[PDB]
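Asker: Here you go, one structure.
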Amino acid sequence: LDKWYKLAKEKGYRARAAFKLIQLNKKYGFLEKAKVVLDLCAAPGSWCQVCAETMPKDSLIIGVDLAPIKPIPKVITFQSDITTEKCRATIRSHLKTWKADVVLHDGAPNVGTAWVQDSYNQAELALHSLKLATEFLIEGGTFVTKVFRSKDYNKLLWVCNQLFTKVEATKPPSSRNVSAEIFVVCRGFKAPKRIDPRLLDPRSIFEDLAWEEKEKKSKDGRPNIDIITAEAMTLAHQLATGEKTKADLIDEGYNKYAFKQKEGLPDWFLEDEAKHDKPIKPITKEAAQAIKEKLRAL
Amino acid sequence: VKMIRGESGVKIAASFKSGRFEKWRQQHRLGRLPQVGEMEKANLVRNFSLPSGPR
Amino acid sequence: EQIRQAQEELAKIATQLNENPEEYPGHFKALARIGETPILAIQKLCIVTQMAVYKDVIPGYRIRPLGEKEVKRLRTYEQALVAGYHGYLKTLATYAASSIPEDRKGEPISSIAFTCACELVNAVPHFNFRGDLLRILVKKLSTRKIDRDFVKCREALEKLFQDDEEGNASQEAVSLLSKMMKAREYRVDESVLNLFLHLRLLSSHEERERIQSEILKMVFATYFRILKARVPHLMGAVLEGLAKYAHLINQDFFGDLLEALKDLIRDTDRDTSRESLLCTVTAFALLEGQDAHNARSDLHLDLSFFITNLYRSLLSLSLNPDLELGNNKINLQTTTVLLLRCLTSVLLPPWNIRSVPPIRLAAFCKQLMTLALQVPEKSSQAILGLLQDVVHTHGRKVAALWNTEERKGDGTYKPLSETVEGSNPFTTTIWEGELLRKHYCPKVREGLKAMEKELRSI
Amino acid sequence: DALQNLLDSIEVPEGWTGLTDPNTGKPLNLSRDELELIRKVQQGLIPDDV
RNA sequence: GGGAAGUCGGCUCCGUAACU
């Protein structure tokens, strides 16, 4: 008894096969625009309960099973064997002039005898649903089938490629991780006017495959004369305005860090000197605005 | 509020959203309707088609 | 033969991993060793083979990393799925990153692996590491080279934009397309801008609205920096892209796009004839929006500033002979049809077709006569073929000009006015129809009689 | 001139300071000797010649 | 479900033969 079985008793669903169908339809949405669902091997009626919970109160649900299904509202159920002519005549009488929109299959044999035989029984039962899909489904319909993964799953998938346009194989997470079932959903029924009998024969399908160049030096000196710092431009503003003359600039240039050696000394000595010889001079907002215009590029 | 006359013969307000389309839209659980311009659904015509003709 | 022997073990791997993929993780590893031996024919035959293998084995749901009989049997197969599938991608990433050209007999490693990746990314979406499959597609779309594999990736991406209902793969794609061109410098061949147009999600509810909210905000910010970038051919796709998807985002932001293109008009007024005309049918398309015309009472969207721009530029558009050059609303290259789709939208609006001001009809038709003087032949008939439709719909409101008894005598006509109502065309009659009889009779004169016959028929 | 002012805005001169001259309406520009004096004051390697 | 109320409620297609 797992979580999905406990949710089946809480929500009133008959089995956990219901919760694989809704989460399959939540992935695709093939039940919200359908009138007819042909439910094959529908025991105990969980797939009919989902199909009843999602359609119109004027649409037709037909469930076929070998076991008697308890009556469900808005669902018509009857007991017949799906491989028999009496079954397809009963479905035809129920369908009258209406074709199936979705065909579902929840088939599973009585497992316990042998794994190869049970998978082969599951593979052929999925195929008995496959020819039942072919004449009942409307064009563009949906075919969803439960099948165990086995050697013939390649062959069953190949026929699905032939008869259907878009086909996916998907594990619902609501299904058992231990179980080897896989759900194959087929969309876009091509509506062929002639179907190959060997494409619908279990014996054929499951068969095992075998001049002037003198330049003066002025473009390098000019960046060294060009003003960079705000203190130098403040001195430039003081020189431009009638405040300080040449003699005042030389005298103010005579700070404590003059008459020093800056050529024959190593790079690390002069780098430490250059970091630690900067004097603090007053600045002006006019010089700060003008150096912002100077530093403003295109 | 503009006042009109309904099918019941009682003076009903003009813009009244009763709830029948909302009931219609889960009665068959249709999705959103098309806007003007989008293609018809070949499903939606055959779900609600016309009858044989004698009504 | 080694190739025939390698084909036999490849089919044996392919059959066993498709009959029952559970029992053989060592088949997956040996398939990687066959996929890693360096024989070029084997590399082609391998890559296509376990591309279809992972097309058949990848489940419909995501699998978390393990971290930390039959249950442990499943997880060991589960980690075997992700590690083997992940080992596809750097192998595919290195295959994509290698050189294309070789002998002409076949596509050695580039076009075949790119076709395999494009087919794989048309099914991977729901699974993880799609971004690594996407980052290959960003890398190839970044090479700026038109190729068969280029249009393959473009067709592969535009399938996902037209198929992914959840949109998580669409969201991961457009995020990388934004990261494509913030890293680079506005150098697409405009292809991803049309890939924004085939997105369906622009055209569960709370998660989907959050998914819409992310894809609407980031992709419009992508065109926002394109307008700042000012790339001319990228403008045509962006203005085509902005014309479709402008009604989703809120009131103030959508009115800001009009103010954004108004600044683009001022930037052009500071090539420029085309860029204004690219912006011309754009703003006429936003008003042409049915929800936006229903938002005429939910926003002021007014064009009376913009017609005056066309009126003062009808002289300059007549002077330029660059009108003809080498289902789209905005991205048409020639300014002849751009002028038509402009001048159709001005004198024949879709909504309120008969509610047009009179001086706008008198002035634009008079300047249309001036356009009928300085224009080439192909633009002439369509300019002609437009203006019967103007008269046949309006009639007596404009017929005052052709008849001199219906002429107002307020003040003399001013042909160079800054406003449409500034000129007073009711004083001048129309004589340029006579000048067009002197124009080539066989074609132009036909429309002239059709213009005058519908005029008398009114 | 408008073209001269546009060229000055794109590439400012060496003596440009952004200051209006109190003597003339044209903006004041530093001379070559004045610009060399500012550089020698800022660097301090040779404040006074010879 | 019933009674009441309001209404204007109850009292063409297939096959066959010549013609385009």
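Here the Cβ positions follow ideal geometry from the backbone for every residue, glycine too, while neighbour counts run over all protein chains shown. Read-outs throughout are calculated quantities, based only on the coordinates presented, and are distinct from any laboratory measurement.
Asker: Would you point out which residue out of B:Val45, B:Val10 is of a type in the set (A, V, I, L, M) and either within 15 Å of RNA strand E (Cβ to nearest atom) or away from chain A (no Cβ under 14 Å) (or both)? Write out each step before concluding.
Answerer: Details: B:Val45 fails: either within 15 Å of RNA strand E (Cβ to nearest atom) or away from chain A (no Cβ under 14 Å) (or both).
Exactly one of B:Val45, B:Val10 is of a type in the set (A, V, I, L, M) and either within 15 Å of RNA strand E (Cβ to nearest atom) or away from chain A (no Cβ under 14 Å) (or both), namely B:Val10.
Asker: Give the residue, chosen from C:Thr115, C:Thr94, that is under 23 Å from C:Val188 (Cβ atoms) and either out of contact with any helix residue (DSSP H, G or I) (no Cβ under 8 Å at 6 or more places or on another chain) or outside any loop (DSSP other than H, G, I, E, B) (or both).
Answerer: C:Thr115
Asker: Can you run down the residue pairs with Cβ atoms below 9 Å, 6 or more apart or on separate chains, where the first is in segment D:1-14 and under 15 Å from A:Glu293 (Cα atoms) and the partner is part of a helix (DSSP H, G or I)?
Answerer: Correct list of pairs: D:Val12/A:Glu293; D:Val12/A:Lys294; D:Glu14/A:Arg222; D:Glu14/A:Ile225; D:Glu14/D:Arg32; D:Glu14/D:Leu35.
Asker: Would you check if there is a residue in segment A:147-163 being buried (at least 19 other Cβ atoms within 10 Å of the Cβ) and among the small types (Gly, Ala, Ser)?
Answerer: yes
Asker: Which of the residues belonging to segment D:12-35 are part of a helix (DSSP H, G or I) and of a type in the set (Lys, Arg)? Before the answer, list the steps.
Answerer: We begin by selecting, within segment D:12-35, every residue part of a helix (DSSP H, G or I); these are D:32-35.
Selection gives D:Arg32 alone.
Asker: Taking the stated definitions as given, is B:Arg32 within 12 Å of chain A (Cβ to nearest Cβ), more than 16 Å from RNA strand E (Cβ to nearest atom) and loosely packed, with under 10 Cβ neighbours inside 10 Å?
Answerer: In short, yes.
Asker: What is the one condition in (1) part of a helix (DSSP H, G or I); (2) under 23 Å from A:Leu21 (Cα atoms); (3) not aliphatic (A, V, I, L, M) that A:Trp158 does not satisfy?
Answerer: (2)
Asker: Collect the residues in segment A:177-201 that are surrounded by 16 or more Cβ atoms within 10 Å (Cβ to Cβ) and assigned to a strand (DSSP E or B), keeping them in residue-number order.
Answerer: Listed by number, the residues that qualify are A:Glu181, A:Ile182, A:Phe183, A:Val184, A:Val185, A:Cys186, A:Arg187, A:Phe189.
Asker: Where the second residue is of a type in the set (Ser, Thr, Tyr) and part of a strand (DSSP E or B) and the first is within 14 Å of chain B (Cβ to nearest Cβ) and on the phi < 0 side of the Ramachandran plot and lies in segment A:23-41, which pairs have Cβ atoms under 7 Å and are six or more apart or on separate chains?
Answerer: A:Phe30/A:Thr142
Asker: Which condition from (1) within 16 Å of RNA strand E (Cβ to nearest atom); (2) within 11 Å of another protein chain (Cβ to nearest Cβ); (3) not polar (S, T, N, Q) is the one that B:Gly53 breaks?
Answerer: B:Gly53 satisfies all of (1) within 16 Å of RNA strand E (Cβ to nearest atom); (2) within 11 Å of another protein chain (Cβ to nearest Cβ); (3) not polar (S, T, N, Q) except (2).
Asker: I'm told C:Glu70 meets every condition in (1) within 16 Å of C:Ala32 (Cα to Cα); (2) within 14 Å of another protein chain (Cβ to nearest Cβ) except one. Can you identify the failing condition by its number?
Answerer: (1)
Asker: Taking A:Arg176 as meeting all but one of (1) farther than 17 Å from A:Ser129 by Cβ; (2) more than 14 Å from chain C (Cβ to nearest Cβ), write down the number of the exception.
Answerer: In the conditions (1) farther than 17 Å from A:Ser129 by Cβ; (2) more than 14 Å from chain C (Cβ to nearest Cβ), A:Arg176 misses (2) alone.
Asker: Please determine whether any residue of segment A:164-172 is assigned to a loop (DSSP other than H, G, I, E, B) and crowded, with 21+ Cβ neighbours inside 10 Å.
Answerer: yes
Asker: Any idea which of (1) farther than 17 Å from A:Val64 by Cβ; (2) in a strand (DSSP E or B) is the one A:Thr145 doesn't satisfy?
Answerer: Every listed condition holds for A:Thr145 apart from (1).
Asker: Would you pick out the residues in segment A:1-56 that are in contact with a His (Cβ under 6 Å, 6 or more places away or on another chain) and aliphatic (A, V, I, L, M)?
Answerer: Within segment A:1-56, A:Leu40 is the sole residue that qualifies.
Asker: Let me ask something else about it. Consider B:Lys17 carefully, then state whether it is surrounded by fewer than 10 Cβ atoms within 10 Å (Cβ to Cβ), within 16 Å of RNA strand E (Cβ to nearest atom), at negative phi and not β-branched (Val, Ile, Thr).
Answerer: no
Asker: For segment C:352-372, does any single residue satisfy the condition of being within 24 Å of the chain's Cα centre (by Cα), at negative phi and buried (at least 19 other Cβ atoms within 10 Å of the Cβ)? Spell out the reasoning first.
Answerer: Initial filter on segment C:352-372 (within 24 Å of the chain's Cα centre (by Cα)): none.
No; the residues of segment C:352-372 include none that is within 24 Å of the chain's Cα centre (by Cα), at negative phi and buried (at least 19 other Cβ atoms within 10 Å of the Cβ).
Asker: Same structure again: Is one or more of the residues making up segment C:142-157 among the small types (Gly, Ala, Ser) and crowded, with 16+ Cβ neighbours inside 10 Å?
Answerer: Our first condition is that a residue be among the small types (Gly, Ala, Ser); within segment C:142-157, this holds for C:142, C:156.
Subset that is crowded, with 16+ Cβ neighbours inside 10 Å: C:156.
Yes, segment C:142-157 contains a residue that is among the small types (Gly, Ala, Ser) and crowded, with 16+ Cβ neighbours inside 10 Å.
Asker: Being in a loop (DSSP other than H, G, I, E, B) and within 11 Å of chain D (Cβ to nearest Cβ) is the filter here; which residues of segment A:279-298 pass it?
Answerer: Listed by number, the residues that qualify are A:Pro279, A:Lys281, A:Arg296, A:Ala297, A:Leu298.
Asker: Looking only at segment D:4-43, count how many residues are of a type in the set (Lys, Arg) and more than 9 Å from chain A (Cβ to nearest Cβ).
Answerer: 1
Asker: Being within 16 Å of RNA strand E (Cβ to nearest atom) and within 14 Å of chain A (Cβ to nearest Cβ) is the filter; apply it to segment B:20-29 and report the residue that is farthest from A:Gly140 (Cα to Cα). Let's see the steps before the verdict.
Answerer: Kept after step one, since they are within 16 Å of RNA strand E (Cβ to nearest atom), are these residues of segment B:20-29: B:20, B:23, B:27.
With within 14 Å of chain A (Cβ to nearest Cβ) added as a condition, the list becomes B:23, B:27.
Working: B:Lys23: 29, B:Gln27: 24 Å.
So, considering only residues that are within 16 Å of RNA strand E (Cβ to nearest atom) and within 14 Å of chain A (Cβ to nearest Cβ), the one farthest from A:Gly140 (Cα to Cα) is B:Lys23.
Asker: Which one of these does C:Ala30 not meet: (1) under 22 Å from C:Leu81 (Cβ atoms); (2) under 45 Å from the mean Cα position of the chain (by Cα); (3) hydrophobic (A, V, I, L, M, F, W, C)?
Answerer: (2) is the only condition that C:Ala30 fails.
Asker: Given the criteria loosely packed, with under 10 Cβ neighbours inside 10 Å, more than 14 Å from the chain's Cα centre (by Cα) and away from RNA strand E (no atom under 16 Å from the Cβ), does B:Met39 qualify?
Answerer: Values: loosely packed, with under 10 Cβ neighbours inside 10 Å: yes; more than 14 Å from the chain's Cα centre (by Cα): yes; away from RNA strand E (no atom under 16 Å from the Cβ): yes.
Spelling it out, B:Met39 is indeed loosely packed, with under 10 Cβ neighbours inside 10 Å, more than 14 Å from the chain's Cα centre (by Cα) and away from RNA strand E (no atom under 16 Å from the Cβ).
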